[PDB]
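**Student:** first chunk of the complex, coordinates as they sit in the assembly:
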Amino acid sequence: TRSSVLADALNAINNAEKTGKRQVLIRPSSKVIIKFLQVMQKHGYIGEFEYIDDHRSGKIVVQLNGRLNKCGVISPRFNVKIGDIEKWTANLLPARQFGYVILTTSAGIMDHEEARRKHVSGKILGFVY
Amino acid sequence: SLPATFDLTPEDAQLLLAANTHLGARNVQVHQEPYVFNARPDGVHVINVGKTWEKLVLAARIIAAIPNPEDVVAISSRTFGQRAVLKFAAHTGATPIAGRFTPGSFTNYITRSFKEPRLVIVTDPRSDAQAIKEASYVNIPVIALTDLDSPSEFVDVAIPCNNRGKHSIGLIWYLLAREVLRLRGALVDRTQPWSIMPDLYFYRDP
Amino acid sequence: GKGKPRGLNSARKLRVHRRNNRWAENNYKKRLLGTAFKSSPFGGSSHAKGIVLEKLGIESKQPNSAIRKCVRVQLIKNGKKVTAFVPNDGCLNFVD
Amino acid sequence: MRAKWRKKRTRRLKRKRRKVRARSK
Amino acid sequence: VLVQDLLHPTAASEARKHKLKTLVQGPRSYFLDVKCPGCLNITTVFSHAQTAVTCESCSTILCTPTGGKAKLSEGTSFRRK
Amino acid sequence: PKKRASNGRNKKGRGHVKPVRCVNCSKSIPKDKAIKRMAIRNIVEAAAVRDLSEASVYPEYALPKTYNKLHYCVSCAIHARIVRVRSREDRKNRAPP
Amino acid sequence: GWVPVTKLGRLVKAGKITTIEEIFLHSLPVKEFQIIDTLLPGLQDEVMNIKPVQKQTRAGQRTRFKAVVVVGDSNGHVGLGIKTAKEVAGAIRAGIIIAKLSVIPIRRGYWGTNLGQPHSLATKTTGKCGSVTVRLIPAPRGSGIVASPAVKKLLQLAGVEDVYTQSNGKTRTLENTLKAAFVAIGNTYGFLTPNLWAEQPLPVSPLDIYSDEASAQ
Amino acid sequence: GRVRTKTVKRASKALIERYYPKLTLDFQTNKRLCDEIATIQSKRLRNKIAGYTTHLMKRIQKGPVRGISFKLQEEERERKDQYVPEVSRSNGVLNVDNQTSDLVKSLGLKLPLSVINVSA
Amino acid sequence: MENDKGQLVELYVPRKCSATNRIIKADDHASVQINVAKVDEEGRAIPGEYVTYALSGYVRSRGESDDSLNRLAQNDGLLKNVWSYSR
């Protein structure tokens, strides 16, 4: 049964990119999906998305460009202890110059650089490069 | 960048439906074709010839755009296109290849078939598939005469025709030649039906 | 995801499976079964000293043809009897 | 030998040790 | 393909699709006002019947059920709303 | 390794068909995997038809062939009948002639 | 004497193209080694491996010899050529030429500070030919090249200074390991880092600009 | 069997390729041509050659022969080129389909109307 | 890709598929650059002046070269109708 709703939305985006498309219709959207879509958009990796309101749970159309190689989800939302965030981005980012690990803290769903500046920590969501 | 009176003229529209260039393929119909226009019942699909015309215009606009008009290359192993291409070649720059292709023409300098163009035109990407393929080994843009069932991998700018036979491919090749001259070329102004008969291009007999 | 539970609480299972499958490791199994201490002529220790029973002339394995000169030794801590080889030309003349 | 008949070889072989052991129960 | 409007798809190709796979999903059944001029008033019916709907006063019939849409009974009429 | 996608022969979504007996050696073989020919042929033959009508009553008669379906066991199919052996590729071709 | 064939060959000797980055820009298929010779003469070769192969024929074995050469400068241009002939020298002769032809660019970069002249890679990059996968990792300066002697020597001639390597597969079969470490560095210029999201007008093709000054006779 | 080897036929090709004006349907003189024009090491092989280049020649006269092209042909075809005088606006009007006419309407303008239905 | 003090380091900034903004790397000899010529008043094709587009080999292999050309040229003003953003 449908497990991480985030997961499907991310994976869908990645197969649109790979297949060279510019649009995705994801389903079923969520507070979290938006706030993840919201981060990527903030940093270039996708264009403009749009919530469509089926009276159900939602759909989203994402418009993307091609600045994006991969946007994955970390499927157990592990806990990260502000030291451990270094070791995450190391394992799964292409280099120290770009790309973000995005996680979830009490202080909000944010990428790790904002996490580092705000200096809070929490659970790990996924990543974008 | 829209010219002015490079719209589809009535004389051209007449020209096309006599050749039946709007008569696209049967049941068979490649996903990658919006060049359609309402299926005629009893298994025939009518073709938006304005787009045919509008693409023809682009075709010409790129054929003429190549510094030396002779390393633009026409191909047709299909007999119905050989007398066509030979004639297209004649009037414009363009080196012709009618008959058997002979593979290794584009890779392998060592061949005596060896060409090396900046652009390729083609009449039936099924039968001429060789050309289409070989060019993609070596970044050579491809123009193509396509029906509703033709394979559109590695051809850019489709010209929706009817390689079912008759006068269409001839017509299309003619108009191709007509408009390339009508660009930067040894032609003339308006209506200008152009001296050369369209039946000049054509497969002959018996 | 094939196999392994990816849950956040699935630690226990994930631990247990490992314990289970370490047994398919030749060395781990040897270590815990105490195979060393149990079987094995030496204690499990590096050397062992014993006493010479008979001088032997073991024929080598193919594709080699030879007589290999060995000694049946009866280990001192053990009584276990063992046949040992006597390295280098002659040397079997040093034993008795 | 055919695996099938090697399995039969040892099917029997066990039946005899099953037998000989009984003599001693 | 490769680039298209997922947001504003053509009515036609949206039309042919399954009822659960339209942009926002919705039904494809309708209601009607059915007469059999013996009477004067008009009973509203669902396009899909299951229950073989009987008219207001007369035990007449009206429609029969099917795999889907009801079969309306011989001498009748209908509007749809 | 594997050699055919139809494996032995023609069986997908079923798990058990039911054996026929080889017309030549009587070997059992699943019916889907069988190999078959309608042995349609004339009762008379080549030469006999003239000598048939010649020494018969009625005008030209009518003539009614025999029809019997043939079931071969692969080996029996291979040893004589339809078989040869094909190239790696020709194998794939399901067309009869 | 040279005498080229190919539009591109002619344009080169005709001093109308100066560097390959030009050729790489418009992705022009090289087909005559002398092109990358005049274009890039600091090229020094290196025969990495030589191994016998054998074929049986309806009348005779055939033991010819397979040789693997790597050529490059040490300033961003590498080549991996592999060829088998029946004499070791002519096997080495031919492979070098293909290794010339093979010559591809490398995108190097900064471990993680903007300082003087790139020493490492742009990203992590994987190459897999056959069963070996070769993974390349950006390393801090002076890390060295952390790789087996062969894959090292290819990373050096490639011009890398500091990189980490991790290999996976039956790596003892060199022919596939280098073919993979080759891909791994050849893949550094497929990788859209942010600093390349900038739009370029889209250059004109050497073939059309010196169209006249090329063309056959 | 008298099948001519490749060295024979290969020479014959090349010779016709570049000395078609000169040579004839006559072996006797095509023979003598070969001396002045080709270097061969044996009488036998030379007649063997000219014998066939004479054969090849003799049927180029009645149509082309694949293998050989002296460019005279590719441009004999170019001046041999023309036909027509009748084309394909007669008689009456362009007969079209139902929707072909709908096509014209829904894009353009003037056309002779001549419609027809059809069936399964 | 600059460096410490300005200085454009790292050679060769690659092209880009005008249809998928992915990089058009070197060994991709299946990619294509189409020059569409600018014309002027009454035919006349103005030699040496182009509206140009570059398409990755990936795109051409997938067949998406034509429909993608369509969209690009038209929304750049050299086709009217032909293409449709809805489907």
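**Tutor:** Received, thanks. Numbers count the residues shown, from 1 in each chain, chains lettered A, B, ... in the order given.
**Student:** what about the nearest residue to residue F:14 once chain neighbours are set aside, distance to residue A:20?
**Tutor:** Closest residue to residue F:14 apart from its sequence neighbours, by CB to CB, 6 or more residues apart in numbering or on different chains: residue F:32 at 7.8 Å. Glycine gets a C-beta too; all of them are placed from N, C-alpha and C. For residue F:32, the distance to residue A:20 equals 44 Å [CB to CB, to the nearest Å].
**Student:** same check, this time on residue D:20
**Tutor:** From residue D:20 to residue A:20 the distance is 75 Å (CB to CB).
**Student:** Looking only at neighbour counts, state which of the two leads.
**Tutor:** Neighbour tally, residue D:20 and residue A:20, criterion other CB atoms under 10 Å in any protein chain shown: the higher count belongs to residue A:20, 20 against 9.
**Student:** Tell me which residues touch the more buried one, please.
**Tutor:** The neighbours of residue A:20, taking CB atoms under 8 Å, 6 or more residues apart in numbering or on different chains as the test, are A:66, E:2, I:19, I:20, I:22, I:58, I:59, I:62, I:64.
**Student:** how about 7 Å then?
**Tutor:** Each residue near residue A:20 by CB atoms under 7 Å, 6 or more residues apart in numbering or on different chains is listed here: E:2, I:20, I:58, I:59, I:62, I:64.
**Student:** Which ones among those lie within helices?
**Tutor:** I:58, I:59 (DSSP state H).
**Student:** any chance of the contacts of residue A:20 in a markdown table, plus distance to residue B:88?
**Tutor:** As requested, the contacts of residue A:20 are exported to a markdown table (distance: CB to CB, whole Å):
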| residue | distance to residue B:88 |
| --- | --- |
| E:2 | 31 |
| I:20 | 33 |
| I:58 | 31 |
| I:59 | 28 |
| I:62 | 29 |
| I:64 | 28 |
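**Student:** Redo the contacts of residue A:20 as a markdown table? Include distance to residue B:96 and neighbour count.
**Tutor:** A markdown table is the format used below for those (distance: CB to CB, whole Å; neighbours: other CB atoms under 10 Å in any protein chain shown):
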| residue | distance to residue B:96 | neighbour count |
| --- | --- | --- |
| E:2 | 34 | 20 |
| I:20 | 35 | 23 |
| I:58 | 31 | 20 |
| I:59 | 29 | 25 |
| I:62 | 30 | 18 |
| I:64 | 30 | 24 |
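**Student:** RNA strand J follows; place it on the structure:
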RNA sequence: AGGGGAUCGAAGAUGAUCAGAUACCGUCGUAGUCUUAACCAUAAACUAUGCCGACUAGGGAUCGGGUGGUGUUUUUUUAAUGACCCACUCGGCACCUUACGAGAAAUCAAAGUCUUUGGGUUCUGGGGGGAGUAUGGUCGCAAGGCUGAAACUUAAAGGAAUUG
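**Tutor:** Just below you will find RNA strand J, in place on the chains above:
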């Protein structure tokens, strides 16, 4: 344990074949094959390929359901039916071509979306032999099923493709 026992037919006996021929081939034919009541629980029980969910790509068939039509054929008086034809749509059994992609390959619309390594979950494997052996437990009338080692030995055994 009853019934049944036509047929074919482990065992057995034979005629031949053979140097031998405990077989292949021919004959005779016990159990069996069938059925009831109870066991047994194993098959290359096979797709040698866990299940749930998402995504990624073209094509013509077909099985069931449905929707649409001034479609065909059935005549009667048009219909109503039914069968048929065309388009579409769910959900089946499959084939086709492709291959962005995967693989050691053979091949694979999954065996894809993996060193750019994380949707959820179950189970099994860790060189070969020793060996599915010894042992103990347990199930069974039995035959046997399930669970299931070690000592010792050993440099290969193995897979897919190639040329002979």
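**Student:** RNA strand J added, so what about the contacts of residue A:20 now?
**Tutor:** E:2, I:20, I:58, I:59, I:62, I:64.
**Student:** Please repeat the previous calculation with a cut-off of 8 Å.
**Tutor:** By CB under 8 Å, 6+ apart, the neighbours of residue A:20 are A:66, E:2, I:19, I:20, I:22, I:58, I:59, I:62, I:64.
**Student:** how about the residues of chain G that lie near chain I?
**Tutor:** G:21, G:23-27, G:29, G:76, G:104-105, G:107-110, G:114-118, G:186, G:189-193, G:195-196, G:198-200, G:202-205, G:208 (CB under 8 Å from any CB of the partner chain).
**Student:** what about the helices in chain C?
**Tutor:** Going by DSSP H, chain C shows helices at C:11-22, C:26-32, C:35-38.
**Student:** Let me know which of those helices is the nearest to residue F:61.
**Tutor:** helix C:11-22 (82.6 Å; CB to CB).
**Student:** which residues of chain H fall in helices?
**Tutor:** H:6-18, H:27-37, H:43-60, H:76-79, H:98-105.
**Student:** now those as a markdown table including mean neighbour count?
**Tutor:** Listed next are these as a markdown table, based on neighbours: other CB atoms under 10 Å in any protein chain shown:
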| stretch | mean neighbour count |
| --- | --- |
| helix H:6-18 | 16 |
| helix H:27-37 | 15 |
| helix H:43-60 | 18 |
| helix H:76-79 | 10 |
| helix H:98-105 | 18 |
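**Student:** Is there a neighbour count for residue G:135? I'd like the number.
**Tutor:** Per other CB under 10 Å, the neighbour tally for residue G:135 reads 17.
**Student:** Enumerate the beta-bridge partners assigned to it.
**Tutor:** Beta bridges link residue G:135 to residue G:126, residue G:166, judged by DSSP bridges.
**Student:** State the distance from it to chain A.
**Tutor:** 12 Å (CB to the nearest CB, to the nearest Å).
**Student:** now residue I:16
**Tutor:** 9 Å.
**Student:** Go ahead and confirm that residue touches residue I:25.
**Tutor:** No - judged on CB atoms under 8 Å, residue I:16 makes no contact with residue I:25 at a distance of 10.6 Å.
**Student:** Mean neighbour count and distance to residue B:169 for the helices of chain C - can I get that in TSV?
**Tutor:** Below are those laid out as TSV (neighbours: other CB atoms under 10 Å in any protein chain shown; distance: least, CB to CB, whole Å):
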stretch	mean neighbour count	distance to residue B:169
helix C:11-22	11	68
helix C:26-32	11	74
helix C:35-38	12	83
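**Student:** Nice, that's everything, thank you.
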